[PDB]
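Since the structure comes first, as structure tokens, the remarks are kept for the end.
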Amino acid sequence: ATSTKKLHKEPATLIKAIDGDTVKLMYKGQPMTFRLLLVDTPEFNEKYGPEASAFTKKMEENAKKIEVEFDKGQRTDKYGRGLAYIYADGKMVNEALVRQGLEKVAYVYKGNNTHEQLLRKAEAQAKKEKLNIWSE
Ligand SMILES: Cc1cn([C@H]2C[C@H](OP(=O)(O)O)[C@@H](COP(=O)(O)O)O2)c(=O)[nH]c1=O
Ligand SMILES: [Ca+2]
């Protein structure tokens with residue numbers, strides 16, 4: 001097993017919704033592009049990209065409160081995007097995407113794996129429902 005750590009949620013504000021799994025936030029007083037941990041558009045099914053983007057745009061734009069939760073590993077990727085779990089009024093966007101079959105679990109690195117089993121639980125249930133990306 002990996003080490004484990006207690007993560008915490010930090011304040012941020014929405015600057016702009018980008019797509020399913022990218023969002024631009026004001027974090028510690030500066031704009032920052034964030035990439036959501038542990039999710040991607042399926043390699044072999046991209047039909048739901050627009051719906052995924054619309055979904056997270058609405059969720060992020062309607063939220064009263066956005067929070068960023070970094071994991072225990074790398075805080076930025078090779079492009080200098082933040083890597084985080086993003087919360088909208090306490091709801092984890094990453095988890096919502098997966099439960100709704102709008103993106104799949106992906107980019108699972110041992111370093112930033114704290115909510116892996118949570119998201120896999122959500123995925124297994126979307127897959128059981130043959131929902132959206134899982135429909136064929
Ligand atoms: C989610 C995530 C993506 N990435 C990188 C892998 C991919 O690199 P490459 O660009 O070299 O393929 C890229 C995919 O991001 P996008 O899916 O936003 O394009 O982000 C990480 O390095 N760590 C992560 O945790
Ligand atoms: Ca994307």
Side-chain angles (χ1 to χ4, degrees):
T2 65
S3 75
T4 62
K5 194 185 161 211
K6 182 124 115 143
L7 302 185
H8 70 291
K9 292 166 182 177
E10 297 181 56
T13 56
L14 184 61
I15 295 170
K16 194 149 96 62
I18 299 302
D19 75 2
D21 54 29
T22 295
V23 61
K24 186 170 179 178
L25 301 177
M26 188 81 72
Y27 169 66
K28 293 185 179 180
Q30 301 281 307
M32 182 158 171
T33 311
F34 282 84
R35 176 64 166 77
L36 273 58
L37 283 166
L38 298 184
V39 297
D40 196 15
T41 306
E43 171 170 357
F44 296 107
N45 182 2
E46 293 171 76
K47 170 178 176 193
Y48 292 89
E51 180 176 353
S53 299
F55 175 77
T56 65
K57 169 184 187 64
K58 181 177 144 104
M59 185 170 187
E60 293 160 351
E61 287 184 359
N62 287 350
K64 298 201 70 179
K65 184 177 72 159
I66 292 170
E67 293 163 300
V68 166
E69 188 184 49
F70 294 97
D71 207 323
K72 69 193 152 63
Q74 278 214 133
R75 280 190 182 207
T76 64
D77 65 16
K78 58 165 165 181
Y79 303 120
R81 299 183 300 179
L83 290 169
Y85 305 103
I86 301 302
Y87 296 82
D89 293 332
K91 310 185 172 174
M92 194 199 303
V93 179
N94 315 56
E95 186 183 21
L97 279 167
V98 174
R99 183 65 184 83
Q100 289 218 29
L102 291 171
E103 296 198 5
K104 71 180 277 180
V105 175
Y107 295 122
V108 183
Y109 298 87
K110 284 192 306 172
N112 291 322
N113 71 341
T114 294
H115 302 307
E116 177 182 359
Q117 298 306 317
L118 185 70
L119 264 54
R120 292 191 185 283
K121 176 179 180 292
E123 187 180 80
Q125 192 54 46
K127 187 172 334 185
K128 182 166 172 66
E129 293 164 7
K130 301 196 178 330
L131 183 54
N132 285 331
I133 68 189
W134 304 111
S135 69
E136 310 283 355

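Starting from 1, each residue takes its place in the sequence as its number. Only heavy atoms go into these numbers, but all of them, side chains included; no hydrogens, no water, no symmetry mates. Just follow the structure's listing: the first ligand is 1, and inside any ligand the first atom is 1.
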Contacting atoms of ligand 1, where contact means under 4.0 angstrom from a heavy atom of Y79: 9 (P), 10 (O), 11 (O)

Under-4.0 Å salt bridge between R99 and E129: yes

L14 CG to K64 NZ distance, which is reported to the nearest 0.5 Å: 15.5 Å

Salt bridge flag under 4.0 Å for residues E116 and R120: yes

Parallel, tilted or perpendicular, as decided by the 30° and 60° cut-offs, for the rings of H115 and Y85: perpendicular

Exercise: identify the closest heavy-atom pair between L119 and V98: O-CG1, 3.4 Å

Taking atom 21 (C) of ligand 1 as the reference point, the nearest protein heavy atom with its distance: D77 CB, 3.9 Å

Shortest protein contact, atom 17 (O) of ligand 1 (heavy atom only): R35 NH2, 2.9 Å

Those atoms of ligand 1 less than 4.0 Å from some heavy atom in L83: 2 (C), 23 (N), 24 (C), 25 (O)

Heavy-atom neighbours of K72 NZ exceed 12 at 6.0 Å: yes

4.5 Å side-chain heavy-atom contact, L37 and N94: yes

Proximal heteroatom of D19 relative to the Ca ion (ligand 2) (N/O/S): OD2

Spacing of CG belonging to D21 relative to OH belonging to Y107, to within rounding of 0.5 Å: 9.0 Å

Those atoms of ligand 1 less than 4.0 Å from some heavy atom in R81: 13 (C), 14 (C), 15 (O), 16 (P), 18 (O), 20 (O)

Identity and distance of the protein heavy atom lying nearest atom 14 (C) of ligand 1: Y107 OH, 3.4 Å

Atoms of ligand 1, numbered as shown, that sit under 4.0 Å from any heavy atom of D40: 17 (O)

Top protein contact for atom 23 (N) of ligand 1, by heavy-atom distance: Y109 CE1, 3.7 Å

Minimum-distance N/O/S atom that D21 presents toward the Ca ion (ligand 2): OD1

Sub-4.0 Å atoms of ligand 1 with respect to non-hydrogen atoms of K78: 8 (O), 9 (P), 11 (O)

